[PDB]
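J.: what's the 3D shape of this:
(3 chains, ligands or ions: 6)
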Amino acid sequence: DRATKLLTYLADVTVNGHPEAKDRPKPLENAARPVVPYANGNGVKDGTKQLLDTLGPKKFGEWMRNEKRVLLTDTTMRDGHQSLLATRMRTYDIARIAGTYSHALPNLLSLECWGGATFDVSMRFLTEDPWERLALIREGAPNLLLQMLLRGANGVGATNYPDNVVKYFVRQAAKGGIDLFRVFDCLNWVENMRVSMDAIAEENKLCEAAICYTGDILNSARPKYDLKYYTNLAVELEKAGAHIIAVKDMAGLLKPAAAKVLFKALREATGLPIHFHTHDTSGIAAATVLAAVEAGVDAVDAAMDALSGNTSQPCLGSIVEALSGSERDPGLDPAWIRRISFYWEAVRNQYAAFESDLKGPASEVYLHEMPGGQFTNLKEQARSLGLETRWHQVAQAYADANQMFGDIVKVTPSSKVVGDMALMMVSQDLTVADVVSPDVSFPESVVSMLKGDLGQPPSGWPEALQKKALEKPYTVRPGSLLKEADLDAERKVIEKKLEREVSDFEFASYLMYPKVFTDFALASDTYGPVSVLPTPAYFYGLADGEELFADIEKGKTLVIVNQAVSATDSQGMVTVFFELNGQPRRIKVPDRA
Amino acid sequence: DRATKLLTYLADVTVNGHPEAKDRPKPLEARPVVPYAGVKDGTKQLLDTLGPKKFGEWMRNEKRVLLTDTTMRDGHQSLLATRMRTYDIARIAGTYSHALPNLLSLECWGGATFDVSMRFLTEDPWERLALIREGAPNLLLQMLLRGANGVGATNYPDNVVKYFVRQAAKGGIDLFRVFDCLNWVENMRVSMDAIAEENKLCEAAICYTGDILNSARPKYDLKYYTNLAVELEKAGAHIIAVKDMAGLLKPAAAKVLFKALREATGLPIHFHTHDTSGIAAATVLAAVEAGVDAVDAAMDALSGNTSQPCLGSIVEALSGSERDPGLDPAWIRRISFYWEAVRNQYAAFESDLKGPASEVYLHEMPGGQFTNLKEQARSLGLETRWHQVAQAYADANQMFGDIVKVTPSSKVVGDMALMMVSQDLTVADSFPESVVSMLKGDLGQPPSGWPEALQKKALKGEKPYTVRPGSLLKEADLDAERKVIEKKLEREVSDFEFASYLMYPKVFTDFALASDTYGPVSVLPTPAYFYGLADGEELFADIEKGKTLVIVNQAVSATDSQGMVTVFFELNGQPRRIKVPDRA
Amino acid sequence: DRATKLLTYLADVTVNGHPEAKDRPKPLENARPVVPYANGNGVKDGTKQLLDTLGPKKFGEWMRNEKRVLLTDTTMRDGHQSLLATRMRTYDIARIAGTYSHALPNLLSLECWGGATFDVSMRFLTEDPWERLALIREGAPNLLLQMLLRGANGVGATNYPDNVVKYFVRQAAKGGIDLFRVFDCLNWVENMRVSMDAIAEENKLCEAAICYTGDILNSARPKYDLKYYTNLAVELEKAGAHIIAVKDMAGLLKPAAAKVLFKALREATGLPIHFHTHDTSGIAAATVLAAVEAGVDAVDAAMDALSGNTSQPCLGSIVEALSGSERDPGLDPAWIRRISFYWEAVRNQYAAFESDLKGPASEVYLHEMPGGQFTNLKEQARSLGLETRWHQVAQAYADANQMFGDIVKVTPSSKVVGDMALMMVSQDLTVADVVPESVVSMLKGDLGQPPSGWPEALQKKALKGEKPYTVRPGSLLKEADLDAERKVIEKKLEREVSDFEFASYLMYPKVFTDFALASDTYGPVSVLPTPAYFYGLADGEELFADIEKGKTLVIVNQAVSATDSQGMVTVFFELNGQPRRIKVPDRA
Ligand SMILES: [Mg+2]
Ligand SMILES: [Mg+2]
Ligand SMILES: [Mg+2]
Ligand SMILES: [Zn+2]
Ligand SMILES: [Zn+2]
Ligand SMILES: [Zn+2]
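T.: Numbering: from 1, shown residues only, chains lettered A, B, ... in the order given. Ligands and ions are numbered 1, 2, ... in the order given. Here you go, the structure:
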């Protein structure tokens, strides 16, 4: 019945296409399957997974600070494709390379492979379990730490949650294979980070507290975000339980000069190791990374060549090839980085449907301050509203809405609030003064932000801007008002709905994404373990006469041939005639045109 | 006459399409808009008063970094196969002129532009230059000259090269970046003298290769470059450039290279690079901080990858620095936006290059040559063996004794590389045309020369030469040479045309003919030049300076008795009937 | 602006197409008709001159005495009426008249008017039927031009006041009609009397027709025996007839019957005898030949290429049959061939209008649907979704027939039967189940009285409440005030009209109106060849059209643009050497 289930999905997508792929570009018809690189067959060097295991986090952090070489985090598995491919990269292609990292680059600090958009997107658009994906990476690389991006107030959800739920998630995530949590708050608000940082500590894992970077510290004309602001935060986060401090440059805004200065300062201001995450929208991020290295930052993030540049991270291989032979030489073999890049390249070609039309570097990112991983998405929303030809009018408006809202940290979910306003500002053709006018159907999210649902910015909100758009506000921690969940009956809810027992992981997901999960678990009953199909097959089904080798389990392979597809019958169904390891099988699916 | 000829082209392309465009992808189903900008005296004025030598001293002493914009030449040669049109280039000159008067120069002539303008765009590269000159009378105008080649494909006798540079001067080039593909100064001599003999700037370029900070690759250490720096200053350079054609110079190597260089020579330094690595901006900034006088960048919309690194972002990083270039971020941005609408028209020429590649440190392919060789690999059915091609190229280079790779030395290693993969042959293992030629002595002479072994097998019987190639080709009779070009073309020709002809006899000749058949197609807007006019579409085009034509494609007939097709125009409210053959 | 108005018809149909043709079959791409080569200089006098010299009375005696059977060619009316939904154009009819005139001067007459042609020319062809009549008159000044006239109706849809009928007959004679074949749908002499008089007043041939039906040699279908035809004859003679015709509207007269009937009729009356019939049975020629042997004065036939089936039997073959015999018609068969080939080339242009009838049907003996109703009634059966059940329609028609007593089925009475038959199938009801505005109409007496009135029990439960009348319908129609009735025509057209136009207006007020506006828009579209009328001009196509005799316009379609922002489409023409552009809407 697993096989029968799979045969139905294959029948469906063959007959009716995949919604996400149906109307977008297709891969080149020739294009080679990704080949996993040749294994030599020796064992796996202990890396940082063993170090954290033996030392505990406080001691690991200290090991890291004294570590001479720069440590690298490879973001290809999460941020890389979140930026360039709408987070559509599949478990199949991800898991298959873990082992090669494990064998070839054991000096890596970590692999960023979880959190962000991957949690929902995996279920919502790839019909696959993020928990399964993590488990597979874990198994494949038992010597490198696995890193997730975590949102302090959100876990990985889209709302705020009662504290017991957030705690519950972190416990599950750690159990599930996460060693390094990079936790952030969309307003750099430390109160809104404690519930998370404690939970990470209770689970005895790495707490990398992030400080999001915005504006310019070398700019006198922008005082709100100066050096002191960052060094103080870092001090507070140390005293808050951090093991590592991160500068999360979500929009890729830190310039080299600022780094020479920022990272010397951070070193002096806290004992903690510092970790640098940026984006390349600018076309200069490598310069900024390399400066941070020069100033004795302990770790940097980077993406494999084939998924680097533009709104992604700058190029890992080239950054590495520039450090090669220096005092802080990172210890990684170029040839292998390159072999893993080629794999990703082959891999990437499969996701042609999700390529954006961004052609190169843009200094405009200094104007708008749009996060790397949001640039494409808001621009699509812009065409979707019919303003593709005034994308710069949106751009300038975003910069304007920032200034007005009181020059804020723009990242998720706060950036979606500024974008909702900018898009309104153009299409409803209104000015900054029009929002600040005495004598406007505000967007849902904007009202919510100013009420206090995202939290509090360093000096509160604009007084007058709140009144007109809202309804008394609260200044407290949004989650301190949420009634703690009755986890027992909540479990029984989903278990009644699914008619079955559900695991602590599935339950964690239901809490994070109740509807998305429900849908997926029902999809799952129908289509079976679709995650095991190679990517072309997953988005396109099978060509007439095509043969496919699928691995239902470790050790068992079904041989599936598409022999024939019928006309649409009188009852509006289509019959796909399959061979299954040599046996005939007919699968009816409906005609969806 | 001229209007009639233009209607004929428009009709020919409306029904048969453009060869170059008809089979490639098409622009998305917005016209670029020139940003509403006296002219502040700038570098063109500085150079006219001070002359070339002194101007070099002037750059030397300037605190601010000086910016060269490559968008008009290298940016589109890297990213768009050199198909950027005069129409699009010319229109922004004045916006550069008003908005960024502080600029050192505009790279807009030289390289693939001369060749391709005529051959593939049916336009005079001389006209193009004249139009930027009239739009930017305050900025220096920069060409890339090739020492021995001129702009041509082959070597040419010393007098033809002398002639060309005289013409390039009169046509409006202020700044000449001259290079030699083997960094062979003795080859460069003749070009350099001709430039100085024309009292215009001689920027002698040193092509960067290898990695100075790598001990295991000694042939290109630091002392190699500073000696070539001293030599070129002894050879008469006003300015010393670093031509990092491949994208190879790494930030650590820069800090060392530019401290050392300025120490070896009183001449200012000009840095040129490609962003294939995805880290090039960093080397640019390393260069700036290390004291470099001038650098090349491209507008954001044609920046990155095999192009120059992002101008807008380099500037934005230097803003407030002791070395601030003094260039308005809002105006670079506004110009970027223009190139971004201009770029979208050239959909047919975009490559499939996804992003940065450290692979370049291995193969060392020039950024201007990468895409041409992957298209040529595909052509020969090797598309799927692309990384073994790249391995072959890196392998061949060492077999050639670890050479400098750049046109036309690059094509040789390429040509060789392909065959190695095709024929499935190794370095241990029926040579191409270009390989014998080069190995004989034709492209020039490298440091240690050509390997004995590789030479002996290559030429099989023929004898090599070690002297300067252009000293073997006798001085051409440029008076009787003019006669034959005027005899075929049955008309007296201009000096810029005789210059075009000496560089590319076939290409020019064919261009003259096409120019006669279709007129000054140069003046058409791009969408219209590549795709004709849609049914009912209105067009506004300027032949004369003060004269605008209003052409409307009213209807197109079926294919007639002869095999002709009649296009039904309206030209300034008068109906016209134009017949062209159905070539389909 | 005459040429301007056409160019706009050509532009329109080029882009939009003809509604009557838009998605019927197309003519076989790969042969213009050629008018046959004209050799002999002048035309020989024919019946036209003789009639001019004898008057109708004496001319009928001349027919009676004549030995050779006289022939009436039907191609220009009944021929195409039966086989091409009456769609034959003036352009094609006119063009051959001179050839009839030169080549076959021995013909009695050309049937070329009335029946369905009168309205269809305006309703479906943008042509005056008077212009057609006139061109045939100038074409053939030596032959008699014949028309079919419904006597109670003239050429009209309804019944009319006596003065209207009278007015139309008057103009018809002026038009060029020589020989009126007048009939009555229920063979009721009283209904004919008015028209018959009116023809006599114009000094014109009155041919009083007796419609045939049943079988006279079947003693068990007795209502319609021999006495009934011979008595009608005597009646119509006393009624004023120059000629008696037998109207076999449904091709029901068998050979043996002809032998008996025509002998008998000549015995019954001094007058000459004209015989008209249809070949649906596949034996009509046998019958025509029988009639000739029995002494019949004149028979109708159609050109070969438009004969057989629901048309008339083959003219060419009937004349071959007769060649060399005592009664030989004296008509050159090589010229019959020559004219027939031309009709063949003409016919190919009307591919759009061909029925799917495949050959002869002995079934006509069962239903009795007129050759000229048959296909119309198959199409309406399809329109009512009853194609697969077509034979139950026919059988019900017979059954419907018997239900009304056994009656004469010809327009507009056959139409009534049709209407009843169709509903019996659809609403699924049997005769005894029985025992529609057309059936109510006829039953009350809108359409006449049959020999023995109308069935009682039918008449109650149909008229239901409505009290009928047995008196000739136009006697209940008060006299039309023609003088004021023309003012309504001239106000709604803002223009004085002609006598002929006013006549059209009286018979078809809605159709003529719609036609007159068509012509002020599109002009003299009749001058346009038939492929061009129906399908426009293909890109590059060159056209010769005569705007008047004298001037010839050379129209080339050069190009046809896409659709303008404001929905318009521009065609590029070259008119006699100069460019013209004509915008038209994209009605698709
Ligand atoms: Mg350290
Ligand atoms: Mg300087
Ligand atoms: Mg007789
Ligand atoms: Zn990120
Ligand atoms: Zn270059
Ligand atoms: Zn008839």
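
J.: show me which residues of chain A are close to ligand 3?
T.: Residues of chain A lying near ligand 3 by Cβ under 5 Å from the ion: none. In short, each C-beta sits where N, CA and C put it, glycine included.

J.: quick check: domain ranges of chain A?
T.: Per the record, chain A has its domains at A:1-30+A:529-593, A:67-354, A:355-470, A:485-528, by curated CATH domains.

J.: out of those domains, which gets nearest to residue B:150?
T.: domain A:355-470 (31.8 Å; Cβ to Cβ).

J.: can you lay out the domains of chain A as TSV showing distance to residue B:309 and mean neighbour count?
T.: Formatted as TSV, these follow (distance: least, Cβ to Cβ, whole Å; neighbours: other Cβ atoms under 10 Å in any protein chain shown):
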stretch	distance to residue B:309	mean neighbour count
domain A:1-30+A:529-593	29	15
domain A:67-354	6	23
domain A:355-470	7	18
domain A:485-528	41	16
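
J.: CSV for those domains, including distance to ligand 2?
T.: Shown next, in CSV, are those (distance: least, Cβ to the ion, whole Å):
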stretch, distance to ligand 2
domain A:1-30+A:529-593, 48
domain A:67-354, 19
domain A:355-470, 24
domain A:485-528, 58
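
J.: and those: which comes nearest residue B:8?
T.: domain A:355-470 (33.5 Å).

J.: quick one: terminal-to-terminal distance for the closest one?
T.: Distance between the two ends of domain A:355-470: 39 Å, counting by Cα to Cα, to the nearest Å.

J.: and chain B, is it touching that?
T.: Yes - using Cβ under 8 Å from any Cβ of the partner chain, domain A:355-470 reaches chain B at A:359-364, A:366-367, A:389, A:392.

J.: got it, and stretch A:309-327?
T.: Yes - judged by Cβ under 8 Å from any Cβ, stretch A:309-327 comes into contact with chain B at A:309-310, A:312, A:314-322, A:325-326.

J.: of the residues you listed, which is the nearest to ligand 1?
T.: Of all those, ligand 1 sits closest to residue A:326, with 14.2 Å by Cβ to the ion.

J.: skip the chain neighbours and tell me the closest residue to the closest one.
T.: residue B:252 (6.4 Å; Cβ to Cβ, 6 or more residues apart in numbering or on different chains).

J.: residues in contact with that neighbour?
T.: The contact partners of residue B:252, by Cβ atoms under 8 Å, 6 or more residues apart in numbering or on different chains, come to A:322, A:325-326, B:213, B:286.

J.: kindly recompute the last result at 7 Å.
T.: Applying Cβ atoms under 7 Å, 6 or more residues apart in numbering or on different chains, we find residue B:252 in contact with A:322, A:326, B:213.

J.: helix/strand/coil for it?
T.: helix (DSSP: H, G, I helix; E, B strand; the rest coil).

J.: quick one: it and ligand 3, what's the gap?
T.: Distance of residue B:252 to ligand 3, given as Cβ to the ion, to the nearest Å: 126 Å.

J.: distance of the residue in the stretch 101-250 of chain A that chain B sits nearest to from ligand 1?
T.: Proximity of the stretch 101-250 of chain A to chain B (Cβ to the nearest Cβ) peaks at residue A:218, 6.1 Å away. As judged by Cβ to the ion, residue A:218 and ligand 1 stand 25 Å apart.

J.: stretch A:158-167: end-to-end distance?
T.: End-to-end distance for stretch A:158-167: 16 Å, by Cα to Cα.

J.: so what's residue A:208 bridging to?
T.: Beta-bridge pairing of residue A:208 under DSSP bridges involves residue A:182, residue A:244.

J.: tell me which residue in the stretch 201-350 of chain A sits closest to ligand 1.
T.: For the stretch 201-350 of chain A, Cβ to the ion, closest residue to ligand 1: residue A:298, 3.7 Å.

J.: oh, that last question was meant for the stretch 51-200 of chain A, not what I typed.
T.: Of all residues in the stretch 51-200 of chain A, residue A:67 sits closest to ligand 1, at 3.8 Å by Cβ to the ion.

J.: give me the phi and psi for that residue.
T.: Main-chain dihedrals, residue A:67, degrees, to the nearest 10: phi -70, psi 120.

J.: got it, and the one 3 residues further on?
T.: Backbone torsions for residue A:70, taken as degrees, to the nearest 10, come to phi -80, psi 140.

J.: hang on, the earlier thing: go through the residues of stretch A:309-327 next to chain B and name the one nearest chain C.
T.: residue A:310 (39.7 Å).
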